[PDB]
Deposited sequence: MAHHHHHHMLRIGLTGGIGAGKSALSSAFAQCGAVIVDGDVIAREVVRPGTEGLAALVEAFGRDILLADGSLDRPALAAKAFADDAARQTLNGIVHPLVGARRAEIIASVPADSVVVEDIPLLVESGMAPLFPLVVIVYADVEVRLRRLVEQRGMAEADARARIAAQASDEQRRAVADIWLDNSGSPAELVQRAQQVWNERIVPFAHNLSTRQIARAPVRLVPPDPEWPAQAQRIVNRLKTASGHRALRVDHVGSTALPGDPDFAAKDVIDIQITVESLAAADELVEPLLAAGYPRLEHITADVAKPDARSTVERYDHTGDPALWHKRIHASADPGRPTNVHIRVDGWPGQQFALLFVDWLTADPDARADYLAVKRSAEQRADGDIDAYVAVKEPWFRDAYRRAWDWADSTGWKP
């Protein structure tokens, strides 16, 4: 299938199921693995009868009695999984085949954070709530003893680990009506245009306005880097945060609010193999951009591409995010070619040279002032500066023995 998929999680008592229902009220398709697992073992089902054969009539299902045999034999766990997991997979596939093709699929995965599964998704929503609220809800609305609730809460991931992998960090400390409203806000303002953009292979562009550095750019970029590594499979030799948002945070600096990433591949054929998995991960291709602006006397730390005059070595591919909440450029460049080397060098050079950073900032401010919202005019005003910046960066690289 080719639908937008959203991972959803949160700690016990935070409102995972309530938020899932709120998204369902917006028309999302809910895939809940625990629900489906309990469904495939219901009375009269093939799955329940299969487990009776494998374990006897000691177990409707006596779930504690089954986990006791699965805690001890260690091969009983394998038998159990071989029975249950294919049935869950079949049911999930059926669900996905039975819904409209334009659907958004929300997958409730309670151990998403603990097992490092966030990079599997183009977008992850995590709900949280004040610990006192979660406690009140578990004790007074689910019956748990207080110390039991606190222990169960402590045994899961921290809110800090959750926050690190949440694209959308959603506070459910308030009323149920407030949660429904917040979920619909995220639906209308982010999920609907994300899905529509993906379906029409459109990208979400950021404004031309410079902003002060965002302290959250490193965490956002790590989520993106991980997602793209997973999507690229064997084809990404390396994946790197580049461009102005990759510089060390300096409040006196400024940049356009778009995150640039470079995927290094071994050839343009491999780049072309990335179209479908990058689209599934949230990044349509810009079909008519196939090169950077060439510079003469092109440079590389890889000898066979250094001091070359072949224009073909400036070719590339470029994708961008369809998610209007996180504009992102994804440049796909060939290992050792001049554009691939320069994207990495530019970050290291500007990190080491404050005067060059100041020069670049002044150029950007002039471009913003003269462009007055027009992206093309902004690009045109900036572009001549990159010729001298290219020469200076490579002078610095030669002097310091820079290697990527």
(request) Go through the deposited sequence from residue 1 and tell me which stretches lack C-alpha coordinates, in order. (result) 1-6, 66-70
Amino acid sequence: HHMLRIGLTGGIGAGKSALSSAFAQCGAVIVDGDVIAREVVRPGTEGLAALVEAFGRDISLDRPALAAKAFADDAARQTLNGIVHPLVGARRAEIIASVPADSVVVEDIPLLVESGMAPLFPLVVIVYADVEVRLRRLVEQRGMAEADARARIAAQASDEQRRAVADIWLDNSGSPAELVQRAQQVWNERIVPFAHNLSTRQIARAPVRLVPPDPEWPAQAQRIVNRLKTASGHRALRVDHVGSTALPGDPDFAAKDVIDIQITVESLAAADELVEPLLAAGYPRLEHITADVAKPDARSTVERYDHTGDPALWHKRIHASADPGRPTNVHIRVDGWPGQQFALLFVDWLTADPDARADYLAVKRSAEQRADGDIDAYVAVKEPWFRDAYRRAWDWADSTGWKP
From here on, numbers count along this sequence of modelled residues.
(request) Taking the mean of the C-alpha B-factors per stretch from the entry, tell me the winner out of 223-231 and 293-301. (result) 293-301
(request) Taking the mean of the C-alpha B-factors per stretch from the entry, tell me the winner out of 80-88 and 115-123. (result) 80-88
(message) Maximum C-alpha temperature factor per the entry, among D323, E107, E266, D252, belongs to which one?
(response) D252
(message) Between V41, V379, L345, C26, which one tops the list for Cα B-factor in this entry?
(response) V41
(request) Would you mind ranking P176 by its C-alpha B-factor against the rest of the chain and naming the third, lowest, middle or highest? (result) middle
(message) When the deposited Cα B-factors of this chain's modelled residues are ordered and cut into thirds, is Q369 in the lowest, the middle or the highest one?
(response) highest
(request) Sort the modelled residues of this chain by their C-alpha B factor and say whether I332 lands in the lowest, middle or highest third. (result) lowest
(message) Quick check for you: using the entry's CA B-factors within this chain, is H288 in the lowest, middle or highest third?
(response) middle
(message) Going by the CA temperature factor in the PDB record, which third of the chain does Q184 belong to: lowest, middle or highest?
(response) lowest
